[PDB]
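> Right, I'll just put the structure down here and ask away after.
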Amino acid sequence: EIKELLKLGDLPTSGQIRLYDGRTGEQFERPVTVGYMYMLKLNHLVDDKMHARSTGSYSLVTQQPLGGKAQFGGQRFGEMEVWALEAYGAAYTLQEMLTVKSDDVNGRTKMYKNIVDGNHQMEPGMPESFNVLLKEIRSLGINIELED
Amino acid sequence: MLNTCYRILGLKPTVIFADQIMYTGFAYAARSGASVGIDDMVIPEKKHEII
Amino acid sequence: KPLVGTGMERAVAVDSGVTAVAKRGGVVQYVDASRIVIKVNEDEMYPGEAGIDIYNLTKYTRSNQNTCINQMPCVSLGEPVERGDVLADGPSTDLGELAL
Amino acid sequence: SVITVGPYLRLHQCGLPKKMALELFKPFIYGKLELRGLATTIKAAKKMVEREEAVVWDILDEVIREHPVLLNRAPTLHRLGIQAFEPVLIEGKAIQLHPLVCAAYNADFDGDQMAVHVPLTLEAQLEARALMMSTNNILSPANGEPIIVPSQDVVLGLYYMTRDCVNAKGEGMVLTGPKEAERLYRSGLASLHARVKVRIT
Amino acid sequence: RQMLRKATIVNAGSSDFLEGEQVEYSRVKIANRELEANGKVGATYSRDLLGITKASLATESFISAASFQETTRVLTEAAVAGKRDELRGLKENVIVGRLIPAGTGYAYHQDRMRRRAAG
Amino acid sequence: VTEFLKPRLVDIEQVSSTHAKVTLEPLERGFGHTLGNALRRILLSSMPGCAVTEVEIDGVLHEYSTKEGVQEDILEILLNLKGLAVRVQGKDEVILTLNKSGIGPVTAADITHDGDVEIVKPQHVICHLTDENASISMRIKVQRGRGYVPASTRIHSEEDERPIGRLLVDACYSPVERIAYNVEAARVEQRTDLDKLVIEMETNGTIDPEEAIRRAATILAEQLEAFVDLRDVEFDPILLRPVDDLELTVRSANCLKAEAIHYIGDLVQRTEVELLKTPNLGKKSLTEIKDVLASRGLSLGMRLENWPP
Amino acid sequence: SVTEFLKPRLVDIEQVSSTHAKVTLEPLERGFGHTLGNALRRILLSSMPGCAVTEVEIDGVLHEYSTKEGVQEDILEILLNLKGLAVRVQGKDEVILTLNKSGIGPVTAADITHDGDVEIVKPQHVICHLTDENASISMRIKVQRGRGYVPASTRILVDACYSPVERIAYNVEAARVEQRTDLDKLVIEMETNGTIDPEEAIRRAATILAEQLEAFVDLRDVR
Amino acid sequence: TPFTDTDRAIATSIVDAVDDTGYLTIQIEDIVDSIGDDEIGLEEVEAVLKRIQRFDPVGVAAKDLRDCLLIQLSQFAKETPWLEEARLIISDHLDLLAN
Amino acid sequence: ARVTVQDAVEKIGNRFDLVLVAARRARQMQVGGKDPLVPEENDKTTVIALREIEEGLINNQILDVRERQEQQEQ
Amino acid sequence: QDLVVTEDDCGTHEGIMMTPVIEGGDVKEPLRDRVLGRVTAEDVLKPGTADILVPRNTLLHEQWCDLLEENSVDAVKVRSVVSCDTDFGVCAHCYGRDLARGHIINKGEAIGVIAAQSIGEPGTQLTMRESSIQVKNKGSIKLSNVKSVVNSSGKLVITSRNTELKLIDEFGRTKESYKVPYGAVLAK
């Protein structure tokens, strides 16, 4: 019945049609199938998907970038990503992601200053979350400290 | 083809070869037309007798 | 509208309550971008009322998804309207058919 | 951002939107502006970057040039879920990914998103260039088979172009090999022509 | 190989009259005690393999194997026994925030270890 | 070249008001396709026309509202005005007014007619009214351009001149919007077998087919003239004021003159330790000079890369 | 603005050899890259003045299934080598050429008789393979004038490679001037058989097309 | 900003002695006493303070109202009129305007 | 941009010592006091140092020799 | 995760014997890819007496496997990771290449995380869960130390529970095992 209906409007019953290229004007062999499909636009737009960040506001505890676009938040490196970096052998990139881009408070400012001055050097220091963990463990009756 | 290129020549020729293969394949696939339709898939006439 | 459908779009659009269907209507007096008034004929009329049905359309209101909800009239002045006939088209509706 | 296909790209390259850039590289923009004497003070540099001037765009194009940036698909199961590319500024809002590396990333170009991370120290940049670069991940570290292989819309093209059919246009032609393109493009023979004798070196 | 560790012993061998000693440590002790001073006192060992979740928690550093599965039991055992970490693993160096002893940081780790021998 | 026998424009046909069919003289083999493709691409790409750019109506403020007595919304009104086809004489940037009252259809015919504006289809629809007391009155601005220009492109040009109620619409500027060609071997029966190409263009009435073809040919010739002759095988620091008005107390001017110090920048890009290598000026004098320089340049803070003459 | 179009000024060309050249243009208008490039490619691939050898009358049997009798190389390969010969004759419709050579074996283009207008771009080209003895051979070759190319199946004996080009291709890349990056960048890489510089061939094709379309403007741009 | 170590210490002290309104609370000789260095001088502290006066909030860290409006008047370009008049009033007629 | 690193890898040997050597050389070039032994082509210090290593002019021995000589010349 | 290449050589001859997996119908994996990226021990010996094919510590890059197949060797003793006697980590002479590189593994590389990441990446697995002997080609019996006992008919009885057959066509290469119980009766 579809083939019959195509014959009433004077169209090729096969459904295919010869097409030409718009840039060269050379006919495509193997005639192409054209038609009318009902296309609909979904609620996943790229305007709401893009997000970028260089330096914003951190949290009072653990001093890390906030999160998932919650007031210009940062993105989450994870256990699988650090496994990937270790498999690559990316010690310096791993240390950088661990300290400079994160809760190393005295190192974030130094790295920003060196970048603006054109130095590209890192002062790793020590993350703030480890200090928070040490304080939380000492809040229980468990002595813990770092030796020399 | 890619594996032999890598094994014989090296890394730079095989990277260039991969890029050029992608370019030429993309071009000629579009130049071929290569559509799909209802009549493209055919049903054997013996299907009814087998059933 | 879809050129290829299944016939259920009319029922979905009507039953979704997203349009403005005419109850006990006979004829249209005044059509506007945001108002429709229908002069109900005497057959479907009971004594004690003027005989005017008024529909106030919904124009550009936020949804739960921050989308737009807009109703647009379909009828014109002096167009006889029966009972159960649509008068406005909600979001993604074309003459009472689900058109998304 | 959402992933998009760029076929014009080469292996060591990606399409980074200009809107996303000039935000990841903002300290570098400030440094270059101060060095070139276009902004005597940090407040002036900030105002000039916020106004998005042509000098800012030129400086961004200059600073982003030899600076690898690494992309990461959200479920990263093996090593090749993170690779480093050379950013190419595109006018748009979606990251353009390479079809050959799509297989390693397991991307499918239907709503998949991809994260971007910038290395800033010299050791990190040299590391992204010498260990994580997508032109260094040829073979798989699991078995050894190559991880880059044409898979779709390229296999079909090569298969179509290298095929034989009898009684095609220009069956008996004999030529030198550079002439096959001149013969297909203008007139005379089809790419499916048989019995064609060409001298190959 | 990672599964095949933590060898128990049946003979004393002057090492320790306990159970649950690592194969590498026991082999080092045997090679340093037998050939050097007293080759007569050999400590026979039995290689008893462990599952993944069990050999994961049987590590010398409490900083690792505490984040793995259970923190309360590991922390209580470490507090009671009074143990030290020394930061020998990738997880330990990651948590502390230093260069991992693998890849480009391996040379730095080797130099630090060599310098710590003298002081 | 051996007698190319190059083509001529002959037998221009006008099928309808918006549909034409032009023919060209028989031409050599392998030229019909290239000429036709180039002409079609240029005609679809860049052909100047006129389109509505901005519409102001006294009644409404924004485009997301309605108007009492009018059936369609302001969005429908703007989308109906977008397709309004109109050709304009010499000057561009014309503004025309439309005022009407009643209950009938409001078409493009009942628009104030000027001497330099011609409506080509006066049966268009501008969202007719329904109430007898309703009366629409708007001002339509028509310009001429070359390609599609969205509303966002023309936003930066208007910062202060953007009153409430002046609604802008997208511009198309393109009067062709469809064209096909076909090459056949005929009309050269006298000479050898050559090809003639026929162009089937479907405009909207704004442009003349012969004029459009001539414009496309001129554009192609101008573009090609750059291939005939193959050859060919500012930014500065803002602070460039002189060394004057720097409050040279006693010997700072003498030191600057003896050291051949430039106006400002070379003095700015100096460190204190290196400046002490200069002939002795005194700590107090150095601090005073540092204060004067700092009040404008943040304590001798700059490292310039290059120095223009 | 209204009728102003961007004209290419960066026309830097870099050539690897005297027959290979890679041309490049500065950002054109949007979509003009394909227009100009395809027009030029088609015009200089299908219609270009030039001279070429067309047919050959070797002493022996006219059929292709001939024998060696000392050449050691098949006549099909002889004709294939002849096709790759760039001859250039000044204002002569058709001329005849011949050769006579001893039996050392290396047969080069210098063996053909030297005529006033017939010239050979390179005389180290191999027409005949290494002979086995002192036996000679007469070629009796001839050339004509033509444009483009026609096969020998229809227009007779070996072929007619009149067009003096080998390979033409173009690529179109993105470019920006100040803010808009939706501008194109034509890249042309052409190979010439010889006797014509690649830039000269491009210029000739451009002039051909310009004089081809100037008849349609009907004497536009008077002043 | 490119300060020396001593200049950085002085700037840190000065910015520590800054109120919410933007005017420094303690006076310059008090700042000099807080530094407590024989080498440090009033001219040096003035140089550092004037260097940090040009920071993003204009007229911040000003000793009083007199030298807060004057900074912005000097900042504004000479093209706008009545500038000289405004400078003359703000220089030494502050009480004259206040009453 | 430099497409691949293989000549430098073959020259150095370890595939991880190359990063350290090129980093300590690009540090000299960037922080200043040094001049590129290879003609720069509007390249960044990272690529300049990597290409100098590839050409066979810099390693973990030449750099130490030059540093020791400069220190002793003080 | 703790495993890292720290040593260059452990100086041990211990290792696992590697043979093609010959069970069921035919071989599922030959001695072609199970040994391609390994370093053999000194146990490699030519089929002929007092003849050798390759030295002790060699890396079978591309052609030593070809020579080994030409000589038709089934069992090769190859040093492995478990045999390595290094105190911490493993040595580099018992791991081969198995990377994006065509050379032996460098010291400092994280074998521990390179592995266990290629084992769990293929998460394309599933969930929710004595008389028939057919030979493939010509072969021998290869009883492999089966206790022969007197049988009623013209055959030999079997008393041992550990019986294994093998088919030999032209060399030491086998075709199938076909383990049989003690009730088997030798037909040939």
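Protein chains in written order, with the deposited numbering: chain V, 1194 to 1341; chain L, 604 to 654; chain F, 697 to 796; chain A, 353 to 553; chain Y, 1258 to 1376; chain D, 5 to 237, 248 to 323; chain B, 4 to 159, 172 to 238; chain U, 131 to 229; chain C, 2 to 75; chain Z, 805 to 933, 947 to 1005. Built from N, CA and C at the ideal position, the CB exists for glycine as well.
Hey, would you say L318(D) sits closer than 8 Å to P251(D), going by beta carbons?
yes
> From the DSSP output, in three-state form, read off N186(B) for me.
strand
> Cβ of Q805(Z) within 8 Å of Cβ of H430(A)?
Not a contact, by the Cβ cut-off of 8 Å.
> In chain order, what residues of the same chain have a beta carbon less than 8 Å from the beta carbon of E72(D), not counting five sequence neighbours either side?
Only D135, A138 meet the Cβ criterion.
> Looking at chain L, is there any beta carbon in it that lies within less than 8 Å of the beta carbon of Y537(A)?
no
> Applying the 10 Å Cβ sphere with the 16-neighbour rule, what's the burial state of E1274(V)?
buried
> Looking at the unbroken beta strand (DSSP E) that takes in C54(B), where does it start and where does it end?
52-59
> Less than 8 Å between the C-beta atoms of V885(Z) and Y899(Z), yes or no?
yes
> Determine the burial state of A113(B): buried for a count of at least 16 other Cβ atoms within 10 Å of its Cβ, exposed for fewer.
It counts as exposed.
> So what's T38(B) in DSSP terms, helix, strand or just coil?
helix
> Output, in chain order, the set of chain D residues within a Cβ distance shorter than 7 Å of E176(U).
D305
> Might you give, ordered along the chain, the residues of its own chain that have their beta carbon closer than 7 Å to the beta carbon of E1289(V), omitting 5 neighbours on each side?
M1315
> Where does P1258(V) fall in DSSP's three states?
Strand.
> Is there a C-beta anywhere in chain Z that falls below 8 Å from the one on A1280(V)?
yes
> Could you run through the region 736-767 of chain F and flag, in chain order, every residue whose CB is less than 9 Å away from some CB of chain V?
The residues in question are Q761, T763.
> Residues bridged to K200(B) by DSSP?
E188(B)
> Would you mind sorting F249(D) into buried or exposed? The rule is 16 or more other CB atoms within 10 Å of its CB.
exposed
> Please classify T928(Z) as buried or exposed, where buried requires at least 16 neighbouring CB atoms within 10 angstroms.
exposed
> Could you name the residues of the region 45-67 of chain B whose beta carbon sits closer than 7 Å to any beta carbon of chain A, in the order they occur along the chain?
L48, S49
> Going along chain L, which residues have a C-beta under 8 Å from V4(C)?
Within 8 Å Cβ-Cβ: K615, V618.
> According to DSSP, is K25(B) part of a helix, a strand, or is it coil?
strand
> On the CB-based measure, 16 or more other CB atoms within 10 Å of its CB, does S50(D) come out buried or exposed?
buried
> With DSSP collapsed to three states, give me the class of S139(D).
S139(D) falls in the strand class under three-state DSSP.
> By a C-beta neighbour count over all protein chains shown, 10 Å radius and 16 as the cutoff for buried, is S141(B) buried or exposed?
exposed
> From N84(D) to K755(F), what does the alpha carbon distance come to, in whole angstroms?
20 Å
> Three or more C-beta pairs under 8 Å: does that hold for the region 816-836 of chain Z against the region 985-1001 of chain Z?
yes
> Taking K1286(Y) as the query, report the chain Z residues whose CB atoms sit under 8 Å from its CB, ordered along the chain.
By Cβ distance, chain Z contributes nothing, its closest Cβ being about 11 Å from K1286(Y), past 8 Å.
> Does any C-beta atom of chain V lie closer than 8 Å to the C-beta of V10(C)?
With a threshold of 8 Å between beta carbons, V10(C) makes no contact with chain V.
> Alpha carbon to alpha carbon, how far is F17(C) from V1298(V)?
30 Å
> Considering only their Cβ atoms, is the gap separating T1255(V) from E1338(V) smaller than 8 Å?
No.
> Using the three-state DSSP reduction, which class does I275(D) fall into: helix, strand or coil?
coil
> List the residues of chain A whose Cβ lies closer than 8 Å to the Cβ of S635(L), in chain order.
Going along chain A in sequence order, the residues near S635(L) (Cβ under 8 Å) are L508, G509, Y512, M513.
> Under a CB-based cut-off of 8 Å, is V232(B) close to chain D?
yes
> What residues of chain E sit near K10(B), judged by a beta carbon separation below 9 Å?
Checking the listed chains, one finds no chain E in this structure; the protein chains it contains are V, L, F, A, Y, D, B, U, C and Z.
> According to DSSP, simplified to helix, strand and coil, what is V48(C)?
helix
> Locate the alpha helix (DSSP H) running through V831(Z), then write down its first and last residues.
Unbroken run through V831(Z) is the beta strand (DSSP E), 831-833; no alpha helix (DSSP H).
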